[PDB]
4 protein chains.
Amino acid sequence: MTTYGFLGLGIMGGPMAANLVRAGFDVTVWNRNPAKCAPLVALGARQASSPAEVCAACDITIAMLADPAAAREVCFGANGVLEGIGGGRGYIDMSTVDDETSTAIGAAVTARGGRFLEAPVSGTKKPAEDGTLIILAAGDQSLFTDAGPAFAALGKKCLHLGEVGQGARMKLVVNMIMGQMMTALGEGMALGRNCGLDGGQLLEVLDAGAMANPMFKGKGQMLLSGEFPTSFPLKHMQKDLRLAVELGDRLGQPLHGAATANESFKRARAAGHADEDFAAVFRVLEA
Amino acid sequence: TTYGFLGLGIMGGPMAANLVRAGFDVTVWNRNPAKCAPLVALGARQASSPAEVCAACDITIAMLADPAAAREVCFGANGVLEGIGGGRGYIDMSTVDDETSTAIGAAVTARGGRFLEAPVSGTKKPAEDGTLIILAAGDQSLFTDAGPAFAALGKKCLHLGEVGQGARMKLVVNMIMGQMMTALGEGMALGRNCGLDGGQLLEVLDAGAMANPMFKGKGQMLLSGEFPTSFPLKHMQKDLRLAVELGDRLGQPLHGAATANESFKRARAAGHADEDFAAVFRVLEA
Amino acid sequence: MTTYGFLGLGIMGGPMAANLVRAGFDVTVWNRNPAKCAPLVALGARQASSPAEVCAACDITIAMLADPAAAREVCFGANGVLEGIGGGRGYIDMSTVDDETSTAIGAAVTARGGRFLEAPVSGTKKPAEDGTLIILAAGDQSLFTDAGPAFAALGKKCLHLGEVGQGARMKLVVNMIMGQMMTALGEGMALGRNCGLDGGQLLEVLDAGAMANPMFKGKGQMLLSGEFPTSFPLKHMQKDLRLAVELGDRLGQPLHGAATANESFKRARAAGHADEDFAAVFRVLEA
Amino acid sequence: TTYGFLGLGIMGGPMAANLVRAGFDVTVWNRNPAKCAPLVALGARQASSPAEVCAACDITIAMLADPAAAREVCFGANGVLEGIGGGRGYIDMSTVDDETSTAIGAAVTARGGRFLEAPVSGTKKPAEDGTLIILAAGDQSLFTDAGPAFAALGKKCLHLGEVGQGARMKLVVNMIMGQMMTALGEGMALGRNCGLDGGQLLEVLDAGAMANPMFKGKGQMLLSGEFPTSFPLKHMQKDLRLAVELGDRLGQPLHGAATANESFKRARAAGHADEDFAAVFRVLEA
Ligand SMILES: NC(=O)c1ccc[n+]([C@@H]2O[C@H](COP(=O)([O-])OP(=O)(O)OC[C@H]3O[C@@H](n4cnc5c(N)ncnc54)[C@H](OP(=O)(O)O)[C@@H]3O)[C@@H](O)[C@H]2O)c1
Ligand SMILES: NC(=O)c1ccc[n+]([C@@H]2O[C@H](COP(=O)([O-])OP(=O)(O)OC[C@H]3O[C@@H](n4cnc5c(N)ncnc54)[C@H](OP(=O)(O)O)[C@@H]3O)[C@@H](O)[C@H]2O)c1
Ligand SMILES: NC(=O)c1ccc[n+]([C@@H]2O[C@H](COP(=O)([O-])OP(=O)(O)OC[C@H]3O[C@@H](n4cnc5c(N)ncnc54)[C@H](OP(=O)(O)O)[C@@H]3O)[C@@H](O)[C@H]2O)c1
Ligand SMILES: NC(=O)c1ccc[n+]([C@@H]2O[C@H](COP(=O)([O-])OP(=O)(O)OC[C@H]3O[C@@H](n4cnc5c(N)ncnc54)[C@H](OP(=O)(O)O)[C@@H]3O)[C@@H](O)[C@H]2O)c1
């Protein structure tokens, strides 16, 4: 009987962990702030005291953490993953991080006798809740296979992209496009309002043509309402652009558009919108 | 009842052809007369100048490259203003700035003509298919009179108010499109540098919230490295230029648009002006 | 006996016209808002009702106007320059405009039997007051020569750069560099203060090294004081960057840096700093 | 009394040599041992590893490429930490981020050594001439002890407080420098395209409020098309990278620096990494 661990019960991790419990897996959870475990425990998960405790006890442990710093602290820190993982047990880090971080975590886990897979996802809060994430995995093939039933509870589509690092790279490339699309939509709507245009009509014109997409439809309504309930935290969008630009630096790939969008998201953080939805970059694009 | 058509380019050719096939009485003109031949063969008449067309046709449509071209056809010798009058209509469907369309409308109106701007969203194929989105602004009665023709050209028609509003909507829409293209281009460039399969990148994009026909279509050009022209790169650069100028007038900062504009200028300088606008990829990837 | 006209008594024009009056020239002034003529008349200038009136009666008329729209309006508008210029009388437009504007004005002036010279300047309010401008002239060589004594009252350095358009291009190139230097200084000081560094020390380090220049010294003090009394209006710097980017468009010259600076200056305008010194772009660079 | 010097590059070589000529007892090391030969000929001693240098010298200076290099020399096998102790000092003059210098400082101090960061403003010639501006931060007793050496290396030395403050000041200063270089380069590129004389442009600049030694010196490279290396283009790009990352940590947006950073990356991609940083011009002009 395969048992599951889950570290990081945030906006994404909460719903993802809940999906595993509801699918009927034996799930052990941990979160830095213990209060976030409560709803998962009430659903039937067991609470653990540290990442080390989870990885010592569970056949497959999944992590869904904020950023490279969080991922590294949970792996390498006191009572962290490396103090418990071993004996073939698996660690699947689904956090969005850079390829150097995922590679380092994987090498460490492997050296302790664990198996490692990175599996960042495309899809926001609602997809996490619904189990319709796109999973971008890379690393240990036997672990990818073993986690199949769990991935089916979490996502609608699962790819294995090769060696550790390719998953992170795919995720960063996809989100770099997304960040620039959001600033494009935001600048368009800001200019539109200054033009006296009806924002609803602008969205209707976009939805009838070749650019029509669900993100424009959904985020567009936030722009009209001026309300930005958080699906994907603006601070994490800015983190992903930061990471894309750093990746471009390492590969010798110039990214004028991404760099510009990165700085606009930094402006939005500076102006106090870090914890709002990433669509809230609009608040520093419109006057 | 009678229609005229000025500018038989990538967009104007198919548009005029739709009006002829739909049975409208169409008189065409183009700066380069050779472009008229195919439409004459379909059943259009041919005229020697815009003034000649606007003097004889109840409603004249223009589909020209840029504000300079629009202004030259309107204000130039043997131009629109020398023929328009008597309530006859001029519908400029060229993508231009609001100052240009406003100026053209004022002059047309002063001459006793009716003016409507009606730039479109949709590229070569939609123009061929008659599935354009028409963004009209200006004279209400002319918009009404143009209904049957618009139905042959487009799948959707809006009247956005006073002259200028159509030009603003179009520039806003194309500004988003220009930034989406550089975004896809930068992503594919980084992805290929990362050793990722470009096809898989497109597949992930098509499975998620950003999925759209443009990424699907232009994505395949990025993979093949062939950029057959639907929307010329130079015209996209022109549109970004106009959007930045509009932002300037309205006091709207546009860091993203401005950066995309300069990347499209790099692509023009690198010799890709006449390729599809997706060829901006050629200056984004190493 | 050469008589002089002067159109546009703004931040630059007022002190420039005043230098001509103090040097002993017979000067006739006009300004759209006639109230700005009072101080010049008090110094000994005469006042006219229109540009046409000035250009019909004066041997050489100088204009120092805001922008291409102003220059074209004063030239081509009702009771404008073309209604009065003729008989070999000279028109010297010292406004900062694009090359297509100065070329068009020059052609129209010449068609009326006038002589035209464009002569934009490098140097701000204090140099205008002190008569230490750098004059970047292009156009009619006889008019350049005839204006020698007036130019000596206005500037410390005078160049003839060839055909009309060449002076405008030199001025726009020079100011494009200046605009980018101002955002560079502004961003540096903003980052520095965020780092807990002493701004005075930052300025001291810059002044001791290879970048040391009078602009950094002078504008640096504004940044420290938080007051931006106007030497060069922010709106006019933004206008100059706009024209440089449009010039680059025409010449097929990409300008990522200028384009970015242009947009930052637009932000500063939108935030209400249009009529402060251009160093006030700092107000939107700093948090 | 006794000194060590690690890293004999474009800057390190001339700096070590100034210390030898001033009569200091200097022991040098460089990853590539051949670089030591000229210093040894001047009267320096040579060591086999950073550990060896730091175990034997009262004060050791490092002048290394980047944070990667600085960390490897500190934390790696036979590195600084395996030798430093007993109150002996380590002065890292490399241009790195404040996180790197803080981490190095913390490790050195835990080993019983003293740490000072002291990055410098000034390029190859100032290094040769001993006219660097030294931007130190960290242990005060070490700053005082290093006074005589700093006097032979520089014309001005500041103590800016806790470790990290020197790195921040250096990155701020070089961020400005990087943007000035792209500004000058874009201006000269546009000017040449305008048919203006590049020499006259430089002359107009030198007569006005922007006049500075950097424009005068780099301007001549732009005219000649030769970029002999004073400050490697790859290190300028590294410095802008670090400024952008520092801005990220402090929540300070930097549109100008970010744009300049990407232009320098283009110049690296175009093959100019080892030329003078003024060679960014080669990707700004057409
Ligand atoms: N939201 C989305 O639409 C979306 C979509 C795809 C991918 N992602 C990615 O998924 C990951 C999680 O995002 P999210 O939206 O769930 O973010 P979130 O709500 O901010 O959650 C972050 C999680 O990481 C934990 N954490 C942060 N720092 C930590 C540290 N130093 N040590 C231990 N735990 C730490 C938090 O614990 P505490 O509760 O103690 O703070 C929380 O559990 C991120 O990489 C994000 O980019 C998000
Ligand atoms: N292609 C698209 O996907 C697309 C989509 C929506 C809107 N648009 C807009 O539609 C307009 C037409 O675009 P297009 O793709 O059809 O352009 P195109 O193929 O380049 O042709 C432009 C037309 O303008 C004419 N023209 C150019 N300069 C002229 C001048 N000085 N005087 C008279 N006529 C002149 C050309 O005549 P000649 O044959 O003599 O050169 C040609 O007929 C543009 O404003 C464009 O931005 C394009
Ligand atoms: N300030 C500097 O450091 C500096 C340095 C070098 C070059 N320049 C350039 O010199 C020119 C003047 O600068 P400035 O600082 O003197 O500008 P300013 O104080 O804003 O004055 C602009 C002048 O133009 C006039 N004007 C504006 N629009 C007009 C119109 N539509 N019709 C007639 N007159 C109009 C104004 O008249 P009203 O009084 O009626 O408003 C005013 O006299 C600008 O091109 C600027 O870029 C400035
Ligand atoms: N050049 C300037 O105008 C200037 C001005 C002020 C500050 N700086 C800064 O000063 C520092 C040195 O610059 P530079 O111009 O002297 O650079 P450089 O000529 O490229 O030399 C870099 C030095 O670092 C060493 N190095 C690189 N990677 C190493 C590693 N992994 N392990 C051990 N040593 C390593 C090199 O050793 P090898 O010989 O074995 O390769 C060389 O001695 C840089 O941080 C630079 O940004 C430069």
# chains A, B, ... in the order shown; residues from 1 in each chain; ligands from 1

$ select_by_dssp --residues "segment 117-235 of chain C" --states "strand (DSSP E or B)" --output "tab-separated table (two decimals) with C-alpha atoms, in the first residue's frame"
chain	number	residue	atom	x	y	z
C	117	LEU	CA	17.80	79.01	-40.19
C	118	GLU	CA	17.04	76.36	-37.58
C	121	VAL	CA	20.28	74.95	-28.39
C	122	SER	CA	21.96	72.77	-25.80
C	133	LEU	CA	24.05	78.33	-24.72
C	134	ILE	CA	25.48	75.98	-27.34
C	135	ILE	CA	23.81	76.89	-30.64
C	136	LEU	CA	23.29	74.06	-33.16
C	137	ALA	CA	22.37	75.89	-36.36
C	138	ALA	CA	21.56	74.57	-39.84
C	139	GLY	CA	20.20	76.27	-42.95
C	155	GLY	CA	25.58	81.61	-26.61
C	156	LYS	CA	29.18	80.62	-25.90
C	157	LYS	CA	29.48	78.21	-28.82
C	158	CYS	CA	27.88	78.23	-32.25
C	159	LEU	CA	28.06	75.51	-34.90
C	160	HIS	CA	26.71	75.37	-38.44
C	233	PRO	CA	10.27	71.24	-18.05

$ residues_near_ligand --ligand "ligand 2" --cutoff "9 Å" --atoms "only C-alpha atoms and all ligand atoms" --output "ChimeraX atom specification"
/B:6-13,29-35,62-73,76,93-96,119-127,132,170,174,229-232,234-236,238-239,274,276

$ atom_distance --atom1 "atom CA of residue 70 of chain C" --atom2 "atom 24 (O, counted along the ligand's line) of ligand 3"
6.3 Å

$ atom_distance --atom1 "atom CA of residue 202 of chain C" --atom2 "atom CA of residue 174 of chain C"
25.3 Å

$ interface_residues --of "chain B" --to "chain C" --cutoff "8 Å" --atoms "only C-alpha atoms" --output "VMD selection string"
chain B and resid 248 251 to 255 258 to 259 262 to 263 265 to 266 268 to 269

$ write_last_selection --atoms "N, CA, C and O atoms" --output "compact mmCIF listing (two decimals), in the first residue's frame"
# COMPACT_ATOMS: atom_id res chain seq x y z
N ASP B 248 1.09 58.45 -25.81
CA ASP B 248 1.75 59.74 -25.57
C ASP B 248 0.71 60.85 -25.45
O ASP B 248 0.70 61.62 -24.47
N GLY B 251 -1.47 60.50 -22.29
CA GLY B 251 -0.76 60.40 -21.03
C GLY B 251 -0.82 59.01 -20.43
O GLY B 251 -0.97 58.85 -19.22
N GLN B 252 -0.70 57.99 -21.28
CA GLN B 252 -0.67 56.61 -20.81
C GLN B 252 0.69 56.00 -21.08
O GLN B 252 1.05 55.77 -22.24
N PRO B 253 1.46 55.72 -20.02
CA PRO B 253 2.75 55.03 -20.18
C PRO B 253 2.53 53.62 -20.69
O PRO B 253 1.58 52.96 -20.24
N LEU B 254 3.38 53.16 -21.61
CA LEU B 254 3.28 51.80 -22.15
C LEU B 254 4.64 51.13 -22.28
O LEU B 254 5.13 50.95 -23.39
N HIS B 255 5.24 50.74 -21.16
CA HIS B 255 6.58 50.11 -21.22
C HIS B 255 6.60 48.86 -22.10
O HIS B 255 7.55 48.63 -22.87
N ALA B 258 6.17 49.75 -25.83
CA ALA B 258 7.35 50.46 -26.33
C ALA B 258 8.50 49.48 -26.58
O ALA B 258 9.16 49.53 -27.63
N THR B 259 8.72 48.57 -25.64
CA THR B 259 9.72 47.54 -25.82
C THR B 259 9.42 46.65 -27.04
O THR B 259 10.32 46.34 -27.82
N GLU B 262 10.25 48.47 -30.33
CA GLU B 262 11.68 48.49 -30.68
C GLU B 262 12.15 47.13 -31.19
O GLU B 262 13.00 47.06 -32.08
N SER B 263 11.63 46.04 -30.63
CA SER B 263 11.97 44.71 -31.17
C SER B 263 11.50 44.52 -32.62
O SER B 263 12.20 43.91 -33.43
N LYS B 265 11.15 47.04 -34.73
CA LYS B 265 12.11 47.83 -35.49
C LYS B 265 13.40 47.05 -35.74
O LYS B 265 13.99 47.16 -36.82
N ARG B 266 13.88 46.30 -34.75
CA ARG B 266 15.06 45.46 -34.98
C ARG B 266 14.78 44.47 -36.12
O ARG B 266 15.65 44.19 -36.96
N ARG B 268 12.63 44.82 -38.63
CA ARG B 268 12.64 45.58 -39.88
C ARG B 268 14.06 45.82 -40.36
O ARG B 268 14.36 45.66 -41.54
N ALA B 269 14.93 46.24 -39.44
CA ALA B 269 16.32 46.55 -39.80
C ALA B 269 17.06 45.30 -40.28
O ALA B 269 18.02 45.39 -41.05

$ residues_near_ligand --ligand "ligand 3" --cutoff "7 Å" --atoms "only C-alpha atoms and all ligand atoms" --output "JSON, numbers by chain"
{"C": [8, 9, 10, 11, 12, 13, 31, 32, 33, 36, 64, 65, 66, 67, 69, 70, 73, 74, 94, 95, 96, 97, 120, 121, 122, 123, 124, 125, 231, 232, 233, 236, 237, 240]}

$ atom_distance --atom1 "atom CA of residue 93 of chain C" --atom2 "atom CA of residue 72 of chain C"
10.7 Å

$ select_by_dssp --residues "segment 1-148 of chain C" --states "helix (DSSP H, G or I)" --output "count of residues only"
66

$ residues_around --residues "segment 15-23 of chain D" --least-positions-apart "2" --cutoff "8 Å" --atoms "only C-alpha atoms" --output "JSON, numbers by chain"
{"D": [5, 8, 11, 12, 13, 25, 26, 28, 39, 42, 43, 44, 127, 128, 130, 149, 152, 153]}

$ write_last_selection --atoms "N, CA, C and O atoms" --output "PDB file, in the first residue's frame"
ATOM      1  N   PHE D   5      47.761  38.145  -2.097  1.00  0.00           N
ATOM      2  CA  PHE D   5      46.910  38.638  -3.171  1.00  0.00           C
ATOM      3  C   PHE D   5      46.424  37.485  -4.033  1.00  0.00           C
ATOM      4  O   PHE D   5      47.230  36.770  -4.630  1.00  0.00           O
ATOM      5  N   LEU D   8      44.985  37.389 -10.216  1.00  0.00           N
ATOM      6  CA  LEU D   8      45.841  38.309 -10.946  1.00  0.00           C
ATOM      7  C   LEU D   8      45.299  38.573 -12.343  1.00  0.00           C
ATOM      8  O   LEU D   8      45.932  38.223 -13.337  1.00  0.00           O
ATOM      9  N   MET D  11      42.491  43.613 -13.357  1.00  0.00           N
ATOM     10  CA  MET D  11      42.603  44.510 -12.203  1.00  0.00           C
ATOM     11  C   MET D  11      43.632  44.015 -11.173  1.00  0.00           C
ATOM     12  O   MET D  11      44.440  44.796 -10.657  1.00  0.00           O
ATOM     13  N   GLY D  12      43.597  42.719 -10.872  1.00  0.00           N
ATOM     14  CA  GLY D  12      44.434  42.159  -9.821  1.00  0.00           C
ATOM     15  C   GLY D  12      45.922  42.306 -10.102  1.00  0.00           C
ATOM     16  O   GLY D  12      46.704  42.619  -9.206  1.00  0.00           O
ATOM     17  N   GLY D  13      46.317  42.075 -11.347  1.00  0.00           N
ATOM     18  CA  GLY D  13      47.723  42.181 -11.726  1.00  0.00           C
ATOM     19  C   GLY D  13      48.365  43.514 -11.365  1.00  0.00           C
ATOM     20  O   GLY D  13      49.357  43.562 -10.631  1.00  0.00           O
ATOM     21  N   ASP D  25      55.680  43.200   1.526  1.00  0.00           N
ATOM     22  CA  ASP D  25      55.987  41.779   1.390  1.00  0.00           C
ATOM     23  C   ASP D  25      54.731  41.066   0.892  1.00  0.00           C
ATOM     24  O   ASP D  25      53.794  40.834   1.661  1.00  0.00           O
ATOM     25  N   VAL D  26      54.711  40.733  -0.400  1.00  0.00           N
ATOM     26  CA  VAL D  26      53.504  40.215  -1.045  1.00  0.00           C
ATOM     27  C   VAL D  26      53.667  38.782  -1.541  1.00  0.00           C
ATOM     28  O   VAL D  26      54.670  38.446  -2.169  1.00  0.00           O
ATOM     29  N   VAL D  28      51.580  36.029  -3.921  1.00  0.00           N
ATOM     30  CA  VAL D  28      50.472  35.998  -4.874  1.00  0.00           C
ATOM     31  C   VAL D  28      50.048  34.578  -5.210  1.00  0.00           C
ATOM     32  O   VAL D  28      50.824  33.624  -5.046  1.00  0.00           O
ATOM     33  N   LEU D  39      54.597  39.094 -11.570  1.00  0.00           N
ATOM     34  CA  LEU D  39      54.640  39.607 -10.202  1.00  0.00           C
ATOM     35  C   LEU D  39      55.871  39.070  -9.466  1.00  0.00           C
ATOM     36  O   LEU D  39      56.553  39.800  -8.739  1.00  0.00           O
ATOM     37  N   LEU D  42      58.868  40.982 -10.237  1.00  0.00           N
ATOM     38  CA  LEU D  42      58.912  42.279  -9.562  1.00  0.00           C
ATOM     39  C   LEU D  42      59.325  42.153  -8.103  1.00  0.00           C
ATOM     40  O   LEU D  42      59.694  43.142  -7.470  1.00  0.00           O
ATOM     41  N   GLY D  43      59.240  40.942  -7.560  1.00  0.00           N
ATOM     42  CA  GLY D  43      59.647  40.711  -6.187  1.00  0.00           C
ATOM     43  C   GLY D  43      58.598  40.085  -5.283  1.00  0.00           C
ATOM     44  O   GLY D  43      58.795  40.011  -4.069  1.00  0.00           O
ATOM     45  N   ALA D  44      57.488  39.627  -5.859  1.00  0.00           N
ATOM     46  CA  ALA D  44      56.467  38.909  -5.085  1.00  0.00           C
ATOM     47  C   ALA D  44      56.899  37.472  -4.819  1.00  0.00           C
ATOM     48  O   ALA D  44      57.695  36.915  -5.577  1.00  0.00           O
ATOM     49  N   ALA D 127      43.584  51.301 -11.899  1.00  0.00           N
ATOM     50  CA  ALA D 127      44.225  50.208 -11.167  1.00  0.00           C
ATOM     51  C   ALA D 127      45.750  50.283 -11.297  1.00  0.00           C
ATOM     52  O   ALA D 127      46.476  50.152 -10.303  1.00  0.00           O
ATOM     53  N   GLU D 128      46.231  50.497 -12.521  1.00  0.00           N
ATOM     54  CA  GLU D 128      47.660  50.651 -12.776  1.00  0.00           C
ATOM     55  C   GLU D 128      48.243  51.834 -12.013  1.00  0.00           C
ATOM     56  O   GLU D 128      49.333  51.737 -11.441  1.00  0.00           O
ATOM     57  N   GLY D 130      47.076  53.422  -9.322  1.00  0.00           N
ATOM     58  CA  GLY D 130      46.791  53.521  -7.901  1.00  0.00           C
ATOM     59  C   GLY D 130      45.806  54.633  -7.578  1.00  0.00           C
ATOM     60  O   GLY D 130      45.875  55.251  -6.513  1.00  0.00           O
ATOM     61  N   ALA D 149      48.107  49.779   2.639  1.00  0.00           N
ATOM     62  CA  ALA D 149      47.916  49.109   1.357  1.00  0.00           C
ATOM     63  C   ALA D 149      46.900  49.879   0.512  1.00  0.00           C
ATOM     64  O   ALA D 149      47.103  50.083  -0.688  1.00  0.00           O
ATOM     65  N   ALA D 152      48.288  52.681  -1.413  1.00  0.00           N
ATOM     66  CA  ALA D 152      49.059  52.336  -2.608  1.00  0.00           C
ATOM     67  C   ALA D 152      48.150  51.873  -3.749  1.00  0.00           C
ATOM     68  O   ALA D 152      48.553  51.862  -4.912  1.00  0.00           O
ATOM     69  N   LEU D 153      46.915  51.509  -3.423  1.00  0.00           N
ATOM     70  CA  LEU D 153      45.981  51.028  -4.440  1.00  0.00           C
ATOM     71  C   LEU D 153      45.020  52.100  -4.952  1.00  0.00           C
ATOM     72  O   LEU D 153      44.549  52.028  -6.083  1.00  0.00           O
TER      73      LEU D 153
END

$ decode --residues "segment 29-51 of chain B" --atoms "N, CA and C atoms" --output "mmCIF file, in the first residue's frame"
data_model
loop_
_atom_site.group_PDB
_atom_site.id
_atom_site.type_symbol
_atom_site.label_atom_id
_atom_site.label_comp_id
_atom_site.auth_asym_id
_atom_site.auth_seq_id
_atom_site.Cartn_x
_atom_site.Cartn_y
_atom_site.Cartn_z
ATOM 1 N N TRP B 29 -10.021 50.850 -57.678
ATOM 2 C CA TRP B 29 -8.819 51.583 -58.054
ATOM 3 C C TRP B 29 -7.671 51.180 -57.141
ATOM 4 N N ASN B 30 -6.466 51.142 -57.702
ATOM 5 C CA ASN B 30 -5.256 50.918 -56.924
ATOM 6 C C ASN B 30 -4.106 51.730 -57.510
ATOM 7 N N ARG B 31 -3.227 52.238 -56.650
ATOM 8 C CA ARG B 31 -2.085 53.026 -57.111
ATOM 9 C C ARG B 31 -1.334 52.284 -58.216
ATOM 10 N N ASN B 32 -1.070 51.001 -57.988
ATOM 11 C CA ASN B 32 -0.531 50.133 -59.034
ATOM 12 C C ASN B 32 -1.673 49.433 -59.764
ATOM 13 N N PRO B 33 -2.003 49.910 -60.976
ATOM 14 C CA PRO B 33 -3.184 49.495 -61.743
ATOM 15 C C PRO B 33 -3.204 47.998 -62.029
ATOM 16 N N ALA B 34 -2.030 47.379 -62.039
ATOM 17 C CA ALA B 34 -1.936 45.954 -62.313
ATOM 18 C C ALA B 34 -2.739 45.138 -61.300
ATOM 19 N N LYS B 35 -2.855 45.645 -60.078
ATOM 20 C CA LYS B 35 -3.569 44.916 -59.033
ATOM 21 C C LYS B 35 -5.073 44.848 -59.294
ATOM 22 N N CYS B 36 -5.564 45.676 -60.213
ATOM 23 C CA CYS B 36 -6.995 45.715 -60.509
ATOM 24 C C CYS B 36 -7.457 44.558 -61.386
ATOM 25 N N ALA B 37 -6.533 44.000 -62.161
ATOM 26 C CA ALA B 37 -6.879 43.017 -63.182
ATOM 27 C C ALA B 37 -7.738 41.867 -62.659
ATOM 28 N N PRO B 38 -7.293 41.212 -61.579
ATOM 29 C CA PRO B 38 -8.043 40.066 -61.054
ATOM 30 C C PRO B 38 -9.480 40.416 -60.667
ATOM 31 N N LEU B 39 -9.699 41.614 -60.134
ATOM 32 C CA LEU B 39 -11.048 42.008 -59.741
ATOM 33 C C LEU B 39 -11.906 42.410 -60.937
ATOM 34 N N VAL B 40 -11.274 42.991 -61.949
ATOM 35 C CA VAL B 40 -11.964 43.283 -63.195
ATOM 36 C C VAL B 40 -12.470 41.975 -63.797
ATOM 37 N N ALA B 41 -11.642 40.940 -63.724
ATOM 38 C CA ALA B 41 -12.006 39.631 -64.251
ATOM 39 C C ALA B 41 -13.166 39.001 -63.480
ATOM 40 N N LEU B 42 -13.322 39.374 -62.212
ATOM 41 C CA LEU B 42 -14.432 38.875 -61.407
ATOM 42 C C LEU B 42 -15.732 39.605 -61.718
ATOM 43 N N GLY B 43 -15.622 40.795 -62.303
ATOM 44 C CA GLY B 43 -16.796 41.575 -62.654
ATOM 45 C C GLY B 43 -16.822 42.996 -62.113
ATOM 46 N N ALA B 44 -15.707 43.456 -61.549
ATOM 47 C CA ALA B 44 -15.607 44.844 -61.116
ATOM 48 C C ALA B 44 -15.306 45.772 -62.295
ATOM 49 N N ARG B 45 -15.675 47.040 -62.163
ATOM 50 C CA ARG B 45 -15.229 48.052 -63.108
ATOM 51 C C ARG B 45 -13.934 48.643 -62.569
ATOM 52 N N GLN B 46 -13.187 49.338 -63.421
ATOM 53 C CA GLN B 46 -11.943 49.976 -63.002
ATOM 54 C C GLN B 46 -11.971 51.477 -63.274
ATOM 55 N N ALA B 47 -11.442 52.268 -62.341
ATOM 56 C CA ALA B 47 -11.387 53.724 -62.503
ATOM 57 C C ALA B 47 -9.950 54.239 -62.469
ATOM 58 N N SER B 48 -9.758 55.484 -62.891
ATOM 59 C CA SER B 48 -8.416 56.029 -63.070
ATOM 60 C C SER B 48 -7.889 56.758 -61.843
ATOM 61 N N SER B 49 -8.782 57.085 -60.915
ATOM 62 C CA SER B 49 -8.382 57.821 -59.722
ATOM 63 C C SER B 49 -9.434 57.705 -58.628
ATOM 64 N N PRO B 50 -9.029 57.957 -57.378
ATOM 65 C CA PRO B 50 -9.968 57.997 -56.253
ATOM 66 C C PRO B 50 -11.083 59.024 -56.486
ATOM 67 N N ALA B 51 -10.729 60.182 -57.021
ATOM 68 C CA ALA B 51 -11.724 61.216 -57.309
ATOM 69 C C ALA B 51 -12.787 60.688 -58.267
#
